[PDB]
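Student: First the structure, then my questions, so here it is.
No value in this document is a laboratory result; all are computed from the given coordinates.
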Amino acid sequence: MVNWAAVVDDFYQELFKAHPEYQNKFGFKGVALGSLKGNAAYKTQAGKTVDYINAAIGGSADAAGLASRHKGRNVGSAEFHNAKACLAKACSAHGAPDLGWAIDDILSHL
Ligand code: HEM
């Protein structure tokens with residue numbers, strides 16, 4: 001099976017390297033990027049991100065609901081366009097299919 005957990009870990013490394021301020025919105029705010037793997041808040045969040053990817057692929061993802069929840073954190077189209085770029089890099093590093101179409105689905109509700 002595709003190692004989505006690894007892809008997700010690379011995604012967050014890219015995302016927070018390019019936009020460290022995004023990290024302030026999470027429970028692992030202020031935690032050094034190289035140490036996120038040992039952080040409990042991060043582990044939970046990464047697992048949910050992996051779950052969402054598997055749900056998008058599986059056909060059960062609620063993109064409208066995810067979009068609405070991100071709006072509820074003042075995270076919008078600009079952030080998701082940046083995310084799309086970091087996720088594209090992360091997917092290629094692991095021989096994984098691109099997930100741009102899934103981010104587009106979320107963006108369609110933002
Ligand atoms: C590939 C793009 C993204 C995906 C697939 C994604 C996915 C998710 C999922 C599944 C959750 C959990 C939602 C729930 O529990 O119902 C979540 C929460 C969250 N996301 Fe994202 N997200 C993405 C991009 C971003 C970006 C760019 C930001 C910018 C800050 C962001 C900020 C947040 C925040 C603040 C939460 C809530 C964290 C908490 O509850 O402590 N997300 N995201």
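Student: Between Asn74 and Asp51, what length comes free when the chain is fully extended (0.36 nm per residue of separation minus the Cα-Cα distance, one decimal in nm)?
Tutor: Working: separation 23, 0.36 × 23 = 8.28 nm, distance 2.21 nm.
The span from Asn74 to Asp51 would gain 6.1 nm if fully extended.
Student: Give the value in nm², to one decimal: projected area of the alpha carbon convex hull of the chain, averaged over all directions.
Tutor: So the mean shadow area of the Cα hull is 6.4 nm².
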